[PDB]
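Take a look at the structure set out below.
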Amino acid sequence: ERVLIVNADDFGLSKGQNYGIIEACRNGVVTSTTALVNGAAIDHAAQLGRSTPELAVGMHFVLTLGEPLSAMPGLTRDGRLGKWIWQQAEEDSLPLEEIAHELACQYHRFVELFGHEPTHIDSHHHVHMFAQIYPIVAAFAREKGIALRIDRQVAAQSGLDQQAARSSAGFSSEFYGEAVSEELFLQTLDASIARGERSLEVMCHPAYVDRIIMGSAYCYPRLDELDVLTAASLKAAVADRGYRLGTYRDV
Ligand SMILES: [Zn+2]
């Protein structure tokens, strides 16, 4: 009747995150994950994905963290990606062709790593929701016949096409922080329901802690997210609300 997609971002970031996502899926409500095809532990993530058919995998398009697959002289500094892209976007100085080519390269490498088309595309730091990147990424997803994470409030603030590609009816980025709880997760569900949404994607970041995660400002809350997502109470509350646990393939 309703479909709930619970998507863990940043598959491939680190081995500890990889094991947190697998655990949140095998013993929790995580149904989906999106992978950094350039991540330090991407080959490790791909071995787990191949062994865990019950986990759907999409592509975490990334323009701000690793090294790109293709040469992007209009974007990289000392060969690396980084967070200057926000200012570069507002100065209308994005190398949009380089970006489109890197999107195609990350897609090609995704299929090599995992042996299937990604169920959908989202992005590290939500860069695919930038006004000038969104129509490129959505046209790509439409072209490939796959879905897109669509933050509908961001799209509406930026005049973007809500139908640019197939997606869930709504998306929530509100399940995060130090105060993560079962309550918080369920509040995003009940808020989606009141908006009249028949499907919802809920972002999350479960992980076991390793030295890579310890280098992030968001570290130990990932353990709390893992705890919430694997509690027996949560599956009951999801079912209680008429949700079927699902993936972007259902859209
Ligand atoms: Zn991310």
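Chain labels run A, B, ... following the order of the structure tokens; each chain numbers its residues from 1, and ligands are numbered from 1 in the order shown.
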Q: Could you give me, as a VMD selection string, the residues within 10 Å of region 217-233 of chain A, counting only C-alpha atoms and dropping anything in the same chain fewer than 6 positions from it?
A: chain A and resid 6 17 20 to 21 23 to 30 175 to 185 204 to 211
Q. Counting only C-alpha atoms, what is within 6 Å of region 48-65 of chain A, bar same-chain residues fewer than 4 positions away, as a ChimeraX atom specification?
A. /A:31-36,81-83,118-124
Q: Determine which residues of region 143-193 of chain A DSSP labels as strand (DSSP E) from the backbone of this structure, then write them out as a PyMOL selection string.
A: chain A and resi 147-148+170-172
(Q) Residues within 8 Å of residue 169 (chain A), please, as an MDAnalysis selection string. Count only C-alpha atoms; anything in the same chain fewer than 2 positions from it doesn't count. (A) chainID A and resid 167 171 197:200
Residues as selected, N, CA, C and O atoms, written as a short mmCIF file (atom, residue, chain, number, x, y, z; two decimals), in the first residue's frame, can you do that?
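Generated file (out-v8.cif):
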```cif
data_model
loop_
_atom_site.label_atom_id
_atom_site.label_comp_id
_atom_site.auth_asym_id
_atom_site.auth_seq_id
_atom_site.Cartn_x
_atom_site.Cartn_y
_atom_site.Cartn_z
N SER A 167 11.03 8.64 -9.22
CA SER A 167 11.50 8.73 -7.83
C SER A 167 10.39 8.32 -6.88
O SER A 167 9.24 8.12 -7.28
N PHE A 171 11.18 12.40 -0.10
CA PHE A 171 12.50 12.07 0.42
C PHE A 171 12.68 12.79 1.74
O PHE A 171 12.25 13.94 1.88
N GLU A 197 1.88 10.93 0.83
CA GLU A 197 2.88 10.27 0.01
C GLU A 197 2.76 8.76 0.11
O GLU A 197 2.71 8.20 1.22
N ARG A 198 2.68 8.09 -1.05
CA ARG A 198 2.58 6.63 -1.10
C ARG A 198 3.93 5.94 -1.03
O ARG A 198 3.98 4.73 -0.79
N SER A 199 5.03 6.66 -1.26
CA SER A 199 6.35 6.10 -1.03
C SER A 199 7.24 7.19 -0.45
O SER A 199 6.99 8.38 -0.63
N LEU A 200 8.29 6.76 0.24
CA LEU A 200 9.24 7.64 0.89
C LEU A 200 10.62 6.99 0.89
O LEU A 200 10.73 5.79 1.17
#
```
Q: Step by step, measure atom-to-atom distances between ligand 1 and each residue using only C-alpha atoms and all ligand atoms, keep those at most 6 Å, then write them as an MDAnalysis selection string.
A: chainID A and resid 9:10 124:125
Would you put the residues from that selection into a file with N, CA, C and O atoms, as a compact mmCIF listing (two decimals), in the first residue's frame?
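Dumped everything to part.txt:
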```
# COMPACT_ATOMS: atom_id res chain seq x y z
N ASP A 9 23.58 5.93 2.76
CA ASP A 9 24.52 6.62 1.88
C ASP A 9 25.96 6.19 2.18
O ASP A 9 26.29 5.74 3.28
N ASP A 10 26.82 6.34 1.16
CA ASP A 10 28.29 6.23 1.29
C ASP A 10 28.79 4.79 1.46
O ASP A 10 29.82 4.55 2.10
N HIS A 124 26.71 12.26 -3.03
CA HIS A 124 27.44 12.77 -1.89
C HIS A 124 27.28 14.28 -1.82
O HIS A 124 27.45 14.98 -2.82
N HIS A 125 26.91 14.77 -0.63
CA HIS A 125 26.70 16.18 -0.34
C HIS A 125 25.52 16.77 -1.13
O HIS A 125 25.40 18.00 -1.21
```
